[PDB]
Amino acid sequence: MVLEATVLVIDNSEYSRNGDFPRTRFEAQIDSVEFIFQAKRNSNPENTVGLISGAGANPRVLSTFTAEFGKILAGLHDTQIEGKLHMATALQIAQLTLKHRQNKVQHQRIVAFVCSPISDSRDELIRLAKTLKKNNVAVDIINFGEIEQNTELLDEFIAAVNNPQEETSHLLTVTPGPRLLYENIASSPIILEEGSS
Amino acid sequence: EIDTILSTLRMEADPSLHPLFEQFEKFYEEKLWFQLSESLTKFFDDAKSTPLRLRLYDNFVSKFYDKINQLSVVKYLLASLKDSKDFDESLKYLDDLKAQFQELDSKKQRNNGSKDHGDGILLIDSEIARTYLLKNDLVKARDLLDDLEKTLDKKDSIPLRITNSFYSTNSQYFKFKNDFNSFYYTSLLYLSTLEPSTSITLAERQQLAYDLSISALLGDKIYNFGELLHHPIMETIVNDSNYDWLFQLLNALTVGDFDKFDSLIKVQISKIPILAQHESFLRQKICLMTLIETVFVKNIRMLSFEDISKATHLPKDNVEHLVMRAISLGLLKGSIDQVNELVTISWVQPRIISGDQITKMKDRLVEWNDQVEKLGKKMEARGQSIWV
Amino acid sequence: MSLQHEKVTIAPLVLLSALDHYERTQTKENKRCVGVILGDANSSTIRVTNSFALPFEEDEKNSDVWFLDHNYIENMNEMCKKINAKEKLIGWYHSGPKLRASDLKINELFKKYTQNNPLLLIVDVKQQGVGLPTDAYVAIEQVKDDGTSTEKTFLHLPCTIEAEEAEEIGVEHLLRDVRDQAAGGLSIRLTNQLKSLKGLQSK
């Protein structure tokens, strides 16, 4: 997607600690933010990306929209490693951040890392799913947390969001064993994502 | 390699805790260090007093310090070493982990971004001081406690746990000395910042509560008899055998009944020889309590000596001693006129405000509302000409 | 951090700024405007000298959900110091109406930037009554005798107003009233005695 403003959600939960992905899953995501940043920029040099956390009780703004990978990276150094994901507040704040744009043309996209099963209720996520498609904002889920012990709740939410429409949602489920986290996202659609209209 | 150590724990362990040991290793295998953490916590509740906890747990922590968050590890190592009988073992294992940390933070801070390594330091220092109290090296334990206090309080946003350990150490020191005054206030703080974890055994929780009550009887300025009952520490267990005679003495003091104090005291002074050696302190508290109560609720700020004498069941000779003792303690301030036989109070020390009393305040204020109001009317009316 | 927050003296310019900026950032109907307050501290008496608006977008539904552009605050700040480098970030104005316990979280953000505890100066813009439309509150974390395992809280602080020489002369040039807080002649003070009684009564 040419012309895109992306909010990344970094989860810094007690499940990112765990050594599941090389070296640790927590340290893997650092590499993953840098790789994503360069992929997006080379697609269309006028794209930008920002980084919010979902971790902690209250999502904390690290970095707003920037074309610069070091800034985002500086922001990654501030982190709480005892936070707990709270998706419901993260999505809502994320949209807001996206409504201010350098140019109005750039689409509204969330790519969110999800490392822990979503503690919020099923009923909440049903309301959230239709809140998102209403304002033309789609959410692309990097999953490898919820598969661990819980059924893919996230799938029903993605299906409602996806309609024939330029904005398309996807559920991307990542081989959980070693194969390098950044590599899986690399061999998946990330800018080869097509429309649905 | 650690498989074999597990086999050893399994054997000596009860069959009930036998499935636990296999699961611990399973979580470790998979490298689910979230589950690994939790499994440990549970183990230690009821198996802290079996020699398997420290051993197995210790080994696990040593072979997985980095793997689990640092805070978890450090709480484990203290628990094992509370239960040691050797003070020499405890001292050594603690100085090794502190040492390790110094190297650890160089790496970690850059690898994570932000990992807090300061937690572990203060927790260690508190337990090291606690080891020393045991060997009666009471002078050392003191000055390490001072050093820490200054440090801790400069650290701006403190976690609850750190100052909670600081407070256990502190109290203890003072009750070796058996100064009641010193023990009591500090103890109240320990309880307030007390971990919501129920990992601290009910037996330990009551035992400490007991101590506060004994100090408070034998003190000289403590009137928090009501405060204890409004705090959880006593609030939740009120049925125990110990909590008969004991609560009853406290309610005896509050209402200033000397007949109720007398009857109890005959029995109790025998049971506990502490109260025998502080017989004089215990006798005084009932009297002090009663004079201040009467002065508070009475709205007039002068009271004749005759009222106090009959109220307190003491001769009139003893009234002059008691008012004098009181002004000196600073419980009350005022003056003694022997030629009007009045004692004029001019200051009363803050007190709890019981339910009944909340109602009283409202009454005094309702009356004062009407005074303001009636006055304002006349003055509104007269001198109408000019208000500009 | 700084415990030192014994008194709050407040510039009338701050007020004035908080009232005006509210409309030129164009927020109405309980949509909060958050801006920075600049002035001195590490001093017993805290003196709030001046202020500047930040953009602030607040979600209608909840007060746990909000947008604040962090990066803006640092960029604004450095130009502002060139003007006057005495001034330091000391906290934030909240455009009323009235305290929330959602502020506790908000305060914490500002604390990152500041080397002192951020002051929450609630400048109420609705000007209810003729009494001061400032309450001041500071986030303090304290222990409490009830049993509570450390409480985090906002404690009321005394608010007064002081103005500079430059500022004071501006206040008097503007005013054209006869005045009646003068407490001057027999007439003003005659009123003032009655006024105080009823003042008390209401309270």
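Chains as they are written, first to last, in the UniProt record's numbering: chain A, 1 to 197; chain B, 6 to 393; chain C, 1 to 203. All C-beta atoms, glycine included, are put in the ideal place defined by N, C-alpha and C.
Go ahead and pull the three-state DSSP assignment for residue i.
i             : result
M76/C         : helix
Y15/A         : coil
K88/C         : strand
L180/A        : coil
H86/A         : coil
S42/B         : helix
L223/B        : coil
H94/C         : strand
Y81/B         : helix
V34/C         : strand
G39/C         : strand
residue 404/B : For chain B, the structure presents residues 6 to 393; residue 404/B sits outside this window and is missing.
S196/A        : coil
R47/C         : strand
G185/C        : coil
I10/C         : strand
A57/A         : coil
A5/A          : strand
Roughly how many angstroms lie between the CA atoms of residue i and residue j, to the nearest whole one?
i      : j      : result
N30/C  : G145/A : 39 angstroms
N71/C  : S43/A  : 26 angstroms
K182/B : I46/C  : 44 angstroms
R330/B : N323/B : 11 angstroms
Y178/B : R166/B : 19 angstroms
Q212/B : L280/B : 18 angstroms
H170/A : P164/A : 13 angstroms
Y215/B : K87/B  : 21 angstroms
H21/C  : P12/C  : 14 angstroms
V65/C  : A101/C : 14 angstroms
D124/C : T27/C  : 14 angstroms
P355/B : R60/B  : 52 angstroms
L181/A : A74/A  : 21 angstroms
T131/A : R32/C  : 24 angstroms
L132/C : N50/C  : 18 angstroms
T241/B : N169/B : 21 angstroms
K383/B : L200/C : 16 angstroms
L190/C : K112/C : 52 angstroms
Which chain B residues sit within Cβ distance under 7 angstroms of residue i?
i             : result
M1/C          : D161
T150/C        : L165, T198
residue 220/C : Past the edges of chain C, shown from 1 to 203, lies residue 220/C, and the structure says nothing about it.
Residue i versus chain B: which residues are under 8 angstroms apart at the beta carbon?
i      : result
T153/C : Residues of chain B passing the Cβ test: none, with the nearest at roughly 14 angstroms.
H77/A  : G118, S119
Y15/A  : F39
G19/A  : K36, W38, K72
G129/C : Simply none; closest approach about 19 angstroms.
At 9 angstroms on the CB atoms, spell out the chain C contacts of residue i, in chain order.
i             : result
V61/A         : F67, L68, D69, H70, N71, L109
residue 220/A : Outside the displayed span of chain A (1 to 197) sits residue 220/A, for which this structure offers no information.
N374/B        : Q201
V377/B        : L197, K198, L200, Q201
Taking C-beta pairs closer than 7 angstroms, name the residues in chain A that residue i reaches, listed in chain order.
i     : result
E57/C : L96
Give me the chain C residues within the contact set of residue i, using Cβ-Cβ distance strictly less than 8 angstroms, ordered along the chain.
i      : result
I93/A  : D59, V65, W66, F67
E385/B : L194
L380/B : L197
Check the Cβ of residue i against every Cβ in chain A and list those closer than 9 angstroms, keeping chain order.
i             : result
residue 205/C : Residue 205/C falls outside the range modelled here, since chain C spans only 1 to 203, and no answer is possible.
Anything in chain B within Cβ reach of residue i, meaning under 9 angstroms, just list it in chain order.
i     : result
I81/A : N74, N117, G118, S119, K120, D121
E27/A : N116, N117
Mind checking if residue i is an interface residue toward chain F, Cβ cutoff 8 angstroms exclusive?
i      : result
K144/C : No chain F appears in the structure shown, which is made up of the protein chains A, B and C.
Inset, instruction - Give a yes or no on contact between the segment 132-150 of chain C and the segment 88-96 of chain A, applying the rule of three or more CB pairs nearer than 8 angstroms. - result: Cβ pair count under 8 angstroms is below three, so no.
Inset, instruction - Count the CB pairs spanning the segment 28-44 of chain A and the segment 75-83 of chain C that are closer than 8 angstroms, and state whether there are at least three. - result: As far as the Cβ criterion goes, the segment 28-44 of chain A does not touch the segment 75-83 of chain C, which means the pair count is below three.
Legend entry - Cβ contact check for the segment 187-195 of chain A and the segment 7-24 of chain B: 3 or more pairs under 8 angstroms: The count of Cβ pairs closer than 8 angstroms, one atom from the segment 187-195 of chain A and one from the segment 7-24 of chain B, stays below three, leaving the stretches out of contact.
Inset, instruction - Indicate whether the contact test is met: 3 or more Cβ pairs, each with one atom in the segment 279-289 of chain B and one in the segment 335-344 of chain B, closer than 8 angstroms. - result: Counting Cβ pairs under 8 angstroms, fewer than three are found: no touch.
Legend entry - Cβ pair count under 8 angstroms reaching 3, the segment 260-271 of chain B against the segment 219-232 of chain B: They do not touch, by the three-pair rule.
Inset, instruction - Evaluate contact between the segment 194-206 of chain B and the segment 304-321 of chain B, counting only Cβ atoms and requiring at least three cross-stretch pairs below 8 angstroms. - result: Not touching, per the Cβ criterion.
Inset, instruction - Output the residue ranges of the alpha helix (DSSP H) runs that lie fully inside the segment 62-111 of chain A and measure 4 residues or longer, sorted by chain position. - result: If only complete runs of 4 or more residues are kept, the segment 62-111 of chain A shows the alpha helix (DSSP H) at 69-77, 87-98, in order along the chain.
Legend entry - Entirely enclosed beta strand (DSSP E) segments - the segment 118-152 of chain A, minimum 3 residues: Qualifying beta strand (DSSP E) stretches, in chain order: 138-143.
Legend entry - Uninterrupted beta strand (DSSP E) stretches inside the segment 97-174 of chain C (no shorter than 3 residues): Within the segment 97-174 of chain C, the complete beta strand (DSSP E) runs of at least 3 residues are 119-123, 134-142, 151-157, 159-161.
Inset, instruction - Answer yes if the segment 80-95 of chain B comes into contact with the segment 49-57 of chain B, meaning at least three C-beta pairs across the two stretches below 8 angstroms, and no otherwise. - result: Result yes; three or more Cβ-Cβ pairs closer than 8 angstroms.
Legend entry - Within the segment 339-378 of chain B, ranges of the alpha helix (DSSP H) (whole runs, at least 4 residues): Counting whole runs of 4 or more residues, the segment 339-378 of chain B contains no alpha helix (DSSP H) stretch at all.
Legend entry - Minimum length 4: unbroken alpha helix (DSSP H) runs contained in the segment 96-165 of chain B: Counting whole runs of 4 or more residues, the segment 96-165 of chain B contains the alpha helix (DSSP H) stretches 123-139, 143-159.
Legend entry - Cβ contact (3+ pairs, closer than 8 angstroms) linking the segment 46-55 of chain A and the segment 5-18 of chain A: With the cut-off at 8 angstroms, the segment 46-55 of chain A and the segment 5-18 of chain A touch.
Legend entry - Three CB pairs or more closer than 8 angstroms across the segment 156-174 of chain C and the segment 352-371 of chain B: By the Cβ rule, the segment 156-174 of chain C does not count as touching the segment 352-371 of chain B, because fewer than three pairs are nearer than 8 angstroms.
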